[PDB]
Each structure stands twice: as C-alpha cells, then as structure tokens.
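Quick notes on the structure that follows.
All of the numbers you see were taken from the coordinates with simple rules; none came from a lab. Backbone-built Cβ (ideal geometry, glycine too); neighbour counts: all protein chains shown.
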Amino acid sequence: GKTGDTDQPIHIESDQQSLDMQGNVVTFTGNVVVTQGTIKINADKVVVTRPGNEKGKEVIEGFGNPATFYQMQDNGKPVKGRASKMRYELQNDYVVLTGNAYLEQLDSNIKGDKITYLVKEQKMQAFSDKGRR
Amino acid sequence: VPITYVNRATXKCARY
C-alpha cells in the first residue's frame with residue numbers, strides 16, 4: 001500500500017459504548033471519537049460489525065443527526081460530506097451516505113439523499129430508486 | 001486499518 005495503514009488505526013475514545021463477546025457487534029453513543037489514517041468522522045452514534053470469518057472485512061456506520069465525513073485525499077483532491085447516516089467498509093473502497101446526503105471535492109459536489117463514494121478516489125454516484133429491488 | 005477502542009470504565013484499550 002503506502003506505510004502508516006497499521007500504525008494509525010481507527011481510534012475511539014467514548015462515553016456510552018458497548019462491545020459484544022459472541023458476534024462482536026460494537027456500538028458507541030453520546031460522545032465518540034473517530035479518526036483513521038487521513039480521515040475524520042463526526043457522529044453521536046457509531047456502530048461496527050463483522051461479516052468476517054476473514055478479517056478487515058468489517059463494516060462501520062456513523063450517525064450525527066447529521067453525521068459528517070472528512071478525507072485528506074491522496075492525490076491533492078480532498079473531500080468532505082454530510083448525511084443522516086454515513087458508512088464505510090474496512091478492506092474496501094466504498095463509503096455510502098443516506099438522508100440529506102451531500103459531498104464536495106475538487107472534482108465535483110452533489111446534493112441527494114442516497115449517495116456512494118470511493119475513498120481512494122474523486123468519484124461519486126447517486127441512486128434514484130423507484131422499487132428497483 | 002485495525003480498530004483500537006478504549007472503555008470509560010477502565011480508561012484502557014483493545015483492538016478489534
């Protein structure tokens with residue numbers, strides 16, 4: 001990769017936290033820190049869970065009524081965004097945003113209410129549904 | 001990246 005991706009973790013100081021022993025669902029509440037690598041998140045509620053027999057295939061969501069995300073993007077095209085929920089996946093590109101979802105980068109800005117983004121990158125997509133599921 | 005969280009009731013930490 002580069003170097004630093006296992007010196008700086010996701011760090012979480014917290015008040016109203018819980019950590020399960022069995023499936024290992026985790027939740028933080030009321031006051032929560034979230035920073036990692038070159039990224040910051042702000043939230044009142046944070047959750048992390050593991051669809052993982054293998055590791056780093058963990059999934060995280062953050063809620064700040066609205067939550068916000070901030071990224072010093074590698075290539076000199078930094079980005080930040082805001083939504084009722086924000087989401088990330090720990091072996092993966094993908095961020096997703098829902099409820100009043102807004103993002104702005106050197107490449108583009110978008111308002112919508114259901115938007116996906118790629119942390120390695122400068123590209124975004126909105127998914128205007130009509131029962132397509 | 002790893003996750004590394006700290007609990008109010010011990011002031012000390014774990015990985016995930």
* **Candidate set from chain B (those that are in contact with a strand residue (DSSP E or B) (Cβ under 8 Å, 6 or more places away or on another chain) and loosely packed, with under 11 Cβ neighbours inside 10 Å); member that is nearest to the other protein chains (Cβ to nearest Cβ)** => B:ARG15
* Structure fact -> Exception for A:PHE28 within (1) touching a strand residue (DSSP E or B) at 6+ places or on another chain (Cβ under 9 Å); (2) more than 8 Å from chain B (Cβ to nearest Cβ); (3) farther than 16 Å from A:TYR94 by Cα falls at (2)
* Asked: Just for region A:39-63: of the residues that are surrounded by fewer than 16 Cβ atoms within 10 Å (Cβ to Cβ) and within 11 Å of chain B (Cβ to nearest Cβ), which one is farthest from B:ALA14 (Cα to Cα)?
  -> A:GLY52
* Asked: So which residues in region A:4-25 are closer than 23 Å to A:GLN91 by Cβ, without any contact (Cβ under 8 Å) to a residue 40 or more places away in the chain, in a strand (DSSP E or B) and facing chain B (nearest Cβ under 7 Å), if there are any at all?
  -> A:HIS11, A:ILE12
* Which pairs do you get when a residue that is over 24 Å from A:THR6 (Cβ atoms), found in region A:27-54, comes within reach of a residue that is among the hydrophobic types (A, V, I, L, M, F, W, C) and assigned to a strand (DSSP E or B), reach meaning Cβ atoms under 6 angstrom, with the pair 6+ apart or on two chains? -> A:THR27/A:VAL47; A:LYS45/A:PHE63
* Asked: Considering region A:26-36 alone, what residues qualify as being in a loop (DSSP other than H, G, I, E, B) and surrounded by fewer than 17 Cβ atoms within 10 Å (Cβ to Cβ)?
  -> A:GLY30, A:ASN31
* Asked: Among the residues of region A:37-88, how many are in a strand (DSSP E or B) and among the charged types (D, E, K, R)?
  -> 7
* Report, by residue number, each residue of region A:115-133 that is touching a strand residue (DSSP E or B) at 6+ places or on another chain (Cβ under 6 Å), in a loop (DSSP other than H, G, I, E, B) and surrounded by fewer than 14 Cβ atoms within 10 Å (Cβ to Cβ). => A:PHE127
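With respect to A:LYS85, determine if the residue is within 13 Å of chain B (Cβ to nearest Cβ) and either under 24 Å from A:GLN125 (Cα atoms) or over 14 Å from the mean Cα position of the chain (by Cα) (or both). I'd like the intermediate steps shown before the answer.
Numbers: within 13 Å of chain B (Cβ to nearest Cβ): no; either under 24 Å from A:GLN125 (Cα atoms) or over 14 Å from the mean Cα position of the chain (by Cα) (or both): yes.
For A:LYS85, the condition - within 13 Å of chain B (Cβ to nearest Cβ) and either under 24 Å from A:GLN125 (Cα atoms) or over 14 Å from the mean Cα position of the chain (by Cα) (or both) - is not met.
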* Structure fact -> Here the residues within region A:30-42 that are touching a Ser or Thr at 6+ places or on another chain (Cβ under 8 Å) and closer than 25 Å to A:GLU121 by Cα are A:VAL33, A:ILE41, A:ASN42
